[PDB]
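K.L.:
For the entry's author numbering, add 13 to where a residue sits in the sequence shown, where the first one is 1.
The beta-carbon is built from N, C-alpha and C at its ideal position, and this holds for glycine as well.
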Amino acid sequence: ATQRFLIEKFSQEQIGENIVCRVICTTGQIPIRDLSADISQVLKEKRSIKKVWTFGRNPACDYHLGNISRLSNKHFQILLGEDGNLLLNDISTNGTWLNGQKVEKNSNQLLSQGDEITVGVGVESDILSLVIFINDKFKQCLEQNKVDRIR
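(1) Using only the alpha-carbon positions, how far apart do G69 and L84 sit?
(2) Looking at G97 and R60, is the spacing between their C-beta atoms short of 8 Å?
(3) Exposed or buried, which one is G133 when buried takes at least 16 other CB atoms within 10 Å?
(4) Which residue comes first and which comes last in the beta strand (DSSP E) that contains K64?
(5) Quick check for students: name the residue ranges of the beta strand (DSSP E) that lie wholly in the segment 44 to 119, counting only runs of 3 or more.
(6) Does the contact criterion of 3 or more C-beta pairs under 8 Å hold for the segment 24 to 38 versus the segment 129 to 147?
(7) What are the boundary residues of the alpha helix (DSSP H) that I20 is part of?
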């Protein structure tokens with residue numbers, strides 16, 4: 014098996030190519046997505062932030078939620094730039110929640126392992142939650158920060 018085997022890998026894509034963080038909806042509303050950033054860009058970018066994701070009801074947003082009034086076009090945004098760490102920025106009209114605790118809007122917070130962000134607060138049954146999964150593999154590359162394209 015040569016050609017057929019190649020097809021098998023087609024469906025099963027190895028995750029962890031350049032993934033920064035992963036977003037998983039535990040409330041069962043939005044499909045799981047994976048946030049990623051290129052190493053070269055991270056090493057080259059000597060600024061505070063490098064790549065940031067925007068989440069919300071906006072089809073432009075790096076993350077497409079769905080159709081919840083409690084959520085804004087761009088409910089929340091995630092930025093990556095720290096020394097291997099990640100930053101979560103809330104950008105909702107009503108606010109972004111962390112494990113039941115509401116954080117300061119447009120504020121940067123240190124990412125957490127398997128953390129979770131709650132949004133659409135106002136109604137007990139109208140709140141949506143999201144889980145953040147950090148890629149340990151990515152941290153390894155950033156922690157070492159080695160170059161292999163210098164000439």
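P.N.:
Short version:
(1) Residue mapping note: residue 69 aligns to position 56 of the sequence shown, counting from 1. Residue mapping note: residue 84 aligns to position 71 of the sequence shown, counting from 1. Roughly 7 Å separates the two Cα atoms.
(2) Mapped onto the sequence shown, residue 60 falls at position 47. Mapped onto the sequence shown, residue 97 falls at position 84. No, they are not a contact pair.
(3) Locating residue 133 in the sequence shown gives position 120, counting from the first residue. So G133 counts as buried.
(4) Here residue 64 is taken as the residue at index 51 of the sequence shown, counted from 1. Looking at the DSSP string, the run of the beta strand (DSSP E) that includes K64 is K64 to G69.
(5) 46 to 49, 64 to 69, 89 to 93, 99 to 103 and 109 to 111
(6) yes
(7) Here residue 20 refers to the residue found at position 7 when the sequence shown is read from its first residue. From DSSP, the alpha helix (DSSP H) with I20 extends over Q16 to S24.
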